[PDB]
Every structure is written in C-alpha cells, then in structure tokens.
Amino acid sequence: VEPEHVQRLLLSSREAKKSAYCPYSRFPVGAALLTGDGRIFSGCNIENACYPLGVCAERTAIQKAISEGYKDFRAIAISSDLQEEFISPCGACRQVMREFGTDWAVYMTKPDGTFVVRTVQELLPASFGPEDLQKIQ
C-alpha cells in the first residue's frame, strides 16, 4: 500500500526501538534515517543517570550516518510505544536535522503503522542555522 521506501522506514524504526537504552523513562524510541543513495541508518534513545546527558533516537541515527560520511538525507521515521499519538521529534533533534537541510521528510508514526509527514522546514519555522554565523558563502 505504501511506497517501498516508506515500508523500509517504518520497519527499521520499529526494529531500531528494540535497542533503546531507557531504564529511567521506560520510553523506548527508535528511528530510521534514509540517505539519498538508499542506505538506512537506525538509531534509538540512550539515556544517562544524569538525564541531560541522554540522546534521542534521531540524533543517534543522524550522528551514525555523518560519522560514516553521509550528509544527504531523504527522510527519517520515528517509532515509540505511544499507540494513540504520533511520536514527534524534540526541538533539539529538529535543529540537528536542520543543520543538514530543511528539505527532507520526517515520518511521525504510531505502532499501528499510521503516520504524519512534515518537512524539517515545517517542523522548524524561521530556523536558526549556519547563515547566522555567516557560514554559507
């Protein structure tokens, strides 16, 4: 029913959630990042005794990709155990997503397979970015 790449995205994010390290919130989250060439990098939240030091599924996935040399992203899907709410990315992840482009898709899903799609631009209007430090020239 859904395009093949969307199927891959949803399945990978749901699978990625199994590796979540969240003994404090018991709120497992998984993510699957799709690059331009078709490769997928997965991620999950990894908390810390000192809450502020944890990391979200999206950034774990984006950080993995970049460390591997991939900066061209097409889309990223997110999965959680919230059955009645589309899992949405926090502002911090939106900012990191934005560092690598505003024109890519974020699939906010539910366990049943349903989802909402918004671009990074829509998720982060009038975004602060590289231009602020006059880095685009």
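Counting begins at 1, following the sequence as shown.
Participant: Hey, which bit's got the bigger mean C-alpha B factor in the entry, 91 to 99 or 107 to 115?
Facilitator: The entry gives the higher C-alpha B-factor average to 107 to 115.
Participant: Looking at the entry, does 120 to 128 or 12 to 20 show the higher mean C-alpha B-factor?
Facilitator: Mean B over CA atoms: larger for 12 to 20.
Participant: Would you check the entry's CA temperature factor for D81 and let me know if it's in the chain's lowest, middle or highest third?
Facilitator: CA B-factor rank for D81: highest third.
Participant: For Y70, does the deposited CA B-factor place it in the lowest, middle or highest third of the chain?
Facilitator: According to the entry, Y70 has a C-alpha B-factor in the chain's highest third.
Participant: What third of the chain does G36 rank in for C-alpha temperature factor, lowest, middle or highest?
Facilitator: As the PDB entry reports it, the C-alpha B-factor of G36 lands in the highest third of its chain.
Participant: Where does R26 sit by CA temperature factor within its chain: lowest, middle or highest third?
Facilitator: According to the entry, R26 has a C-alpha B-factor in the chain's highest third.
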